[PDB]
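A.B. asks: using only what follows, build the 3D model:
(5 chains, ligands or ions: 1)
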Amino acid sequence: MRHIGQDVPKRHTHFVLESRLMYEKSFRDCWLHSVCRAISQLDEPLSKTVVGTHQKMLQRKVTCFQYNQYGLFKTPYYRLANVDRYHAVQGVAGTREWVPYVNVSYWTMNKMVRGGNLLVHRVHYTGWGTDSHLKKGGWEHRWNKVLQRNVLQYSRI
Amino acid sequence: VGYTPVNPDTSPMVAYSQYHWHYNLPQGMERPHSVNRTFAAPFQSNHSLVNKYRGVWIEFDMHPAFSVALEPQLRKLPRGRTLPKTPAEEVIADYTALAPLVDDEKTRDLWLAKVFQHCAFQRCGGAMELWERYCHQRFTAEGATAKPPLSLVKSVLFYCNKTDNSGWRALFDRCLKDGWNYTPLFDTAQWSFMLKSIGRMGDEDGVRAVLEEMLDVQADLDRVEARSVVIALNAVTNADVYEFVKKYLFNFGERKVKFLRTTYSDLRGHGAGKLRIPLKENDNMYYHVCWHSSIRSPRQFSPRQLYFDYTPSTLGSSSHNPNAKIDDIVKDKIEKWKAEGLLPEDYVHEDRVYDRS
Amino acid sequence: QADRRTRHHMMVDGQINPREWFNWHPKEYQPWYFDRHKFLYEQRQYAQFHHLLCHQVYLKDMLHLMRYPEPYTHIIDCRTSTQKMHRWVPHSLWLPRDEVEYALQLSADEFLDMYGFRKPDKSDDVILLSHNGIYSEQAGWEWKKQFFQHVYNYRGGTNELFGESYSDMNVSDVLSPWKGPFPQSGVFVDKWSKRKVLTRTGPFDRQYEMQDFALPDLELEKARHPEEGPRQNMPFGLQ
Amino acid sequence: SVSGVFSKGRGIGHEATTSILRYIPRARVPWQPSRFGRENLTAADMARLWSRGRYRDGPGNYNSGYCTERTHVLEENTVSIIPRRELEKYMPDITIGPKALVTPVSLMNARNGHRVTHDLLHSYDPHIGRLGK
RNA sequence: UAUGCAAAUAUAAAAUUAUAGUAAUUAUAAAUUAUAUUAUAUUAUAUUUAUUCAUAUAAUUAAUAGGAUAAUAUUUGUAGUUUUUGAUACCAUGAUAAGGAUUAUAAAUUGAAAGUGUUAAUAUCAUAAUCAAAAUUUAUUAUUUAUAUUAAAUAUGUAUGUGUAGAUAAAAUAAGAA
Ligand SMILES: O=c1ccn([C@@H]2O[C@H](COP(=O)(O)OP(=O)(O)OP(=O)(O)O)[C@@H](O)[C@H]2O)c(=O)[nH]1
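C.D. replies: Residues are numbered from 1 along each chain as shown, chains lettered A, B, ... in the order given. Take a look at the structure below.
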């Protein structure tokens, strides 16, 4: 500690591990927090079994439990900073300084593509690439096609 | 380039260089590999077998008619992996009151073996009178010719080991090869219990005899629990049996000796509360076990610790040493010449230079 | 505080510092087992002779052969210095190791008329006995070089068979301290960076480490080191 | 001219094994012979180091509710901690205790192997929270 | 601005400088180096549109450890403090960007290598790092203009003033310009 015999060239690389740990905490708490939030603010009666006071008292108690839950992962994903795992450079998702597939910053992506470190193919800079969906509608169309392939393809039981 | 390494599997430049397969060249398997077939390792698990019985089995098997007849009595005796908590004196009284009635030597022996097992589980030392009442007259006395059942002898050994009784030798000597020859049928659990009991009892010759018999009969030293071996080897103090233990310790495997050292250290240190009876201090055996583990284990390299006090030669470091002795080399040469005989033998040599210290 | 034996300087007293983790060829770090308690010729010193080692024969086998002999197992007593030998091992034939190199080159009659017995036919088993089983092993090397099918060595030999103490080829397990500098034959140069690197040989090697290692007996070990710790010349965290 | 992050440390094994085990050399790591881990820290140093682990809602943070300092200097302007009694007047007190943090085994699978809501991930293997014990 | 007063480069020569003593030779030459289309001729340039531009916070980076249906390891629960010193709040070698002026129709692309914060040898008090709810003074940024106006993570109260000074931005590619 205190930069005495540091092994990693960059101190900030440990923030990547910290971000992974916060993602794991989100994995733990994403169900309990969502269930508590859903129960707390549901005005309509839950069912025949619980109505009126038996429901409002339960909502108050579950909200109290959620508040008492120390260390619950409240923060959303979009507000968690993204830091490269190669050079610990911060980039914000949605801009051009971060790529979604490789999870590395713009500078790291440029360095890796300019060297040989990531098998990618070159396309025209002012085009829509080679994907049919991108040519058809663009980013939103390919996003919707990903949704359709994932969920809407299945006739759920 | 840089401090961060480059992974060749992900980097396409390495994968497509002249030292790997280019993507234009056909992609196909080259030199199929068979590692699991040429030399397959046995399954050694770091974690112990969870479903193991972890105890001595008595091989209870009697005639079904006798078993169902004695079922009301046998409910109190232990069943397969089921141990009732009936008081031991109750079953002892039931046996001493009902054994003459049932006319079957094998059934009586099995019932007495179950009684011994139950009283051993309860650690009730009063049941040896049952052995003296029933078995001692005909199975082991003044050259008894009877052949006791394996179940009964195993149960008696388990009971005597549990109660730390001093009468186990009279039965073990009969159970050697020249007598009953029941040694090869003893389970590794039985051997571990015997070793632990003898180590607690502090018998110097018992441990040596048991270890030699185990090696002779091919008992599985690796599967014998480490704690029993540690307790057995803690009690040796005499020089002869200590030398025997030193030469015998090479039979165990490398992992076994390493974990023997680990268990010995933790038990005589932090794990002193693990044992019901604290272990006596035997620093000689502790040091020898640690040393033997160090010998057996592969030796790493620690150059700084090895050569911390290393000093170069006088002639090698003369230029870098301000006050070093150089006439010592001439003196050594003169001594070598005198030993060779070229110089006169034992000729008086005066100092060639001043002494600067 | 800082010391010449604790700092990282590459060169001390003009020679390569052996106290640097980066100053040693990587093959030295590879795991290895102690072998000083093994047989003399099974130790790592005879690396070029390891491929020529003979098989074994034990006391039980030797006693069984003495009680019940067989026509085609030549028991060769390869002991020199006839003044030392007193007893006769049964069913033994005298073929000294100092003469075996030429003896194995002779023909059948050429060997019979010189040694009083015929050639072992290069197919029958031969079992070699000598003091401490040293000359017997050295002779078994020659027999194997002459391509005899079955050559066995009796480790311990007549010395352990008759309970005497004869030490042919007097050799001391310990070695005298390396008074000279590090030999040039042990200096390793990197094939890429061309840096000078050391090797476990000369002044420091595995034999020196083994002979310096601690004794098995605690009461004898405590005699070597002084009171209040075995090693106090070094800092607390380097021991 | 010697500087040190921690001025005192304690050993792991007590005075029943080390006195005999010291005679056997230990092959320490060649490039770092002296090591100093968390299990080797003193009680106060280990406590103050573990308090600083959590980003917030932890004793290390100056304003997390579990601090112990009487005052905190903020931008060259001293400030006084509002005690729990004074906070209670306008902050309603809801507190269940250790039972609230823990969750049932049937919910452990849904919570992905975690039975504790504590912000430090608790693992049941005896190797991650590996202190001396 | 020739009337007087005034020999004067058109060369008989001996390495530079110097009173014909001062220093150690002195000069000179060639090649190359960013300033100058010419008026049919390897291209008609000349039109449209636009310009009130702003944001960063609460300190500890230096180990491996396997579990059900497997012929048996409590290795259940694996326990040896302390001699080193840089990418950190300067500095601590290299490396990718932006920047259209002459190789043209043709079976064709209108974006450059001359270098842009993070990356691989110089050290010598350095704990500066997001996990929410936060503090314009800083060159490099296309905002919605007068029928209907705040519901889900909390999300902009300011400047109506004759399409209005100076200064300045963009486009000759499925578009329409000679
Ligand atoms: O290998 C192990 C590990 C742990 N133990 C623990 O030892 C405790 C008792 O301590 P001991 O193991 O010293 O007593 P004992 O000789 O009477 O034990 P048994 O042979 O009858 O088992 C027991 O309660 C058990 O959990 C073992 O007996 N053996």
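A.B. asks: quick check: closest non-adjacent residue to the closest residue to chain A within chain C.
C.D. replies: Minimum separation of chain C from chain A (C-beta to the nearest C-beta) falls at residue C:8, amounting to 11.9 Å. All C-beta atoms are positioned from the backbone trio N, CA, C, and that covers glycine. Leaving out its chain neighbours, the residue that sits closest to residue C:8 by C-beta to C-beta, 6 or more residues apart in numbering or on different chains is residue C:20, at 6.6 Å.
A.B. asks: before we move on, what about residue C:169?
C.D. replies: Residue C:169 sits nearest to residue C:134 (C-beta to C-beta, 6+ apart), 4.9 Å away.
A.B. asks: same thing with residue C:118?
C.D. replies: The shortest distance from residue C:118 to any non-neighbouring residue, by C-beta to C-beta, 6+ apart, is to residue C:112 (4.7 Å).
A.B. asks: what does the strand or helix carrying that neighbour rub up against?
C.D. replies: Under the criterion of DSSP states H and E, residue C:112 resides in helix C:108-115. Identification of contacts with helix C:108-115 by C-beta atoms under 8 Å, 6 or more residues apart in numbering or on different chains yields C:93, C:94, C:95, C:103, C:106, C:118, C:119.
A.B. asks: of these - the most surrounded one?
C.D. replies: residue C:95 (22 neighbours; other C-beta atoms under 10 Å in any protein chain shown).
A.B. asks: what separation is there between that residue and the ligand?
C.D. replies: For residue C:95, the distance to the ligand equals 58 Å [C-beta to the nearest ligand atom, to the nearest Å].
A.B. asks: now do the same contact list for the residue nearest to residue C:169.
C.D. replies: C:40, C:41, C:168, C:169.
A.B. asks: buried ones among the residues you listed?
C.D. replies: The neighbour count (16 or more other C-beta atoms under 10 Å in any protein chain shown) marks C:40, C:41, C:168 as buried among those.
A.B. asks: in chain A, which residue sits nearest chain D?
C.D. replies: residue A:71 (2.7 Å).
A.B. asks: next, the residue nearest to that residue when sequence neighbours are not counted: phi, psi?
C.D. replies: Spatial nearest neighbour of residue A:71, excluding adjacent residues (C-beta to C-beta, 6+ apart): residue D:119 at 2.7 Å. With angles defined as degrees, to the nearest 10, residue D:119 sits at phi -70, psi -10.
A.B. asks: for residue D:119, list the residues it contacts.
C.D. replies: By C-beta under 8 Å, 6+ apart, the contact set of residue D:119 is A:25, A:70, A:71, D:54, D:57, D:58.
A.B. asks: again, but for residue C:125
C.D. replies: When contacts are counted by C-beta under 8 Å, 6+ apart, residue C:125 touches C:72, C:73, C:74, C:149, C:150, C:152.
A.B. asks: who's it bridged to?
C.D. replies: Beta bridges link residue C:125 to residue C:73, judged by DSSP bridges.
A.B. asks: and the lengthiest helix in chain A, which residues are buried?
C.D. replies: When chain A is parsed with DSSP state H, its longest helix is helix A:14-40. Across helix A:14-40, burial judged by 16+ other C-beta under 10 Å covers A:16, A:22, A:25, A:26, A:28, A:29, A:32, A:33, A:36, A:39, A:40.
A.B. asks: in chain C, which spans are helices?
C.D. replies: Taking DSSP H, the helices of chain C run over residues C:59-67, C:97-103, C:108-115, C:135-145, C:157-162, C:206-212, C:218-224.
A.B. asks: the nearest residue to residue C:66 once chain neighbours are set aside: neighbour count?
C.D. replies: Once flanking residues are discounted, residue C:66 sits nearest to residue C:90: 5.2 Å by C-beta to C-beta, 6+ apart. For residue C:90, the count of nearby residues is 11 (other C-beta under 10 Å).
A.B. asks: please enumerate the helices of the chain.
C.D. replies: Since no chain was named, I'll use chain A. A:14-40, A:53-68, A:106-114, A:132-136, A:139-147.
A.B. asks: wait, I meant chain D there
C.D. replies: With DSSP H as the criterion, chain D has helices at D:18-21, D:43-51, D:84-90, D:98-101, D:105-108.
A.B. asks: chain center to the last one, what's the gap?
C.D. replies: When distances are taken as C-alpha atoms, centre = their mean, to the nearest Å, helix D:105-108 is centred 26 Å away from the chain's centroid.
A.B. asks: show residues contacting it.
C.D. replies: Defining contact as C-beta under 8 Å, 6+ apart, one finds that helix D:105-108 is touched by A:32, D:114, D:115.
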